[PDB]
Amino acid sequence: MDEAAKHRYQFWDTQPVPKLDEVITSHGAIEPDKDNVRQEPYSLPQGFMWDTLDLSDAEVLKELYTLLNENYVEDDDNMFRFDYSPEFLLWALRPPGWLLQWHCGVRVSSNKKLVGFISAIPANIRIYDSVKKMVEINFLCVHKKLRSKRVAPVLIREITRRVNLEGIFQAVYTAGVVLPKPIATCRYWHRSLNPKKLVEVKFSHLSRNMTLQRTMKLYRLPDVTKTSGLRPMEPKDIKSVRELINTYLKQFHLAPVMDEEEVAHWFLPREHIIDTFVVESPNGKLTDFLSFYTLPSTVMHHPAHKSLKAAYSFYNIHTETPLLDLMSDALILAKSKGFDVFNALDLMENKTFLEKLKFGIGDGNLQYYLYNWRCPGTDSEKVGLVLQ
């Protein structure tokens, strides 16, 4: 509530990362690669065990789903919780280069109840002039009952171990809370697509005084998209999408570098997981693409609705079409698919449209972090990486 004090990074102090608020003017690995690496798993509190989850096993996925449905990311006010679908999880956790030893679970020794999880997946990552093989870390989760018993540092050490085994010594990760040390701090913005449901669910916030009718009328969108050539992406586009994305991403201080197998993984439309629309220039050649992913949230304690449907801006590449025109079509497309809210961070060039497409700013930050790499902290606008 009010209770301002000062934190000691019991776990994070010990780790290869910069001290919170050291001034960094250098570029490089905080420590060199471990040429000899620990081969035995870290010790768990008694009653608990390591499991490598096989998500191909329908019952295991279902357990993982239920763990996260019930114990994953919640907002400040705790009226909302991420409801990552089982298939969304299959998409996010099994890109090209994925290894199963990187799907790390914690289970109750006796009744086998899944109570912990952390995941890693491979990616080539460009920090300023250095493109490094890293992993992206996601889905850290400890069961509500098990909170505050130092289990999160066990999973983090353990995943640090199984990744190090494989010759990776750098990683990237985001979190909504401050740790040592943010490269950058982004802010979520939200765009009402359906302001009535947003109001009844209490997600917004009618700006007193404002009628409902006037709100609905402000966020009014057309029913049909504007850009000539605009259509879903199909397999034949894979090659041109790659080229377009690796070129566009050059301008940003942080960005992945993707091959084609990765391009097909991340961008080919999958219903209720990922949408990608390409702009085909008047002949046949591709000049732009917008994309966005599907992530509903559980509305906790409410009578009317139990789920809020959100679109997350992913990567939007513009060469011919202006960006604000692309994003206007992204909004229209999301609206017409029954989403209630379009969400975007203020990274890349997104600041160039947020205010103009009537996004409003939202609570809390998203910090971006690197593991075992020092570099100065750049602005949101210079961040060209997006994680699920």
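When you see a residue number, it is the position in the sequence shown, counting from 1.
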{"query": "Mean C-alpha temperature factor, higher of 37 to 45 and 330 to 338", "finding": "37 to 45"}
{"query": "Higher-scoring stretch by recorded Cα B factor average, 155 to 163 or 295 to 303", "finding": "295 to 303"}
{"query": "Identity of residue with top Cα B-factor, from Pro122, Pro195, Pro86, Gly116", "finding": "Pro195"}
{"query": "From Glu234, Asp275, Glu136, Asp77, residue of greatest CA B-factor", "finding": "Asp77"}
{"query": "Third of the chain's Cα B-factor distribution that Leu179 belongs to, per the entry", "finding": "middle"}
{"query": "Ranked C-alpha temperature factor of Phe289 among modelled chain residues, by third", "finding": "middle"}
{"query": "Third of the chain's Cα B-factor distribution that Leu345 belongs to, per the entry", "finding": "lowest"}
{"query": "Chain thirds of CA B-factor: placement of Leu244", "finding": "middle"}
{"query": "Third of the chain, ranked by Cα B-factor, where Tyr312 sits", "finding": "lowest"}
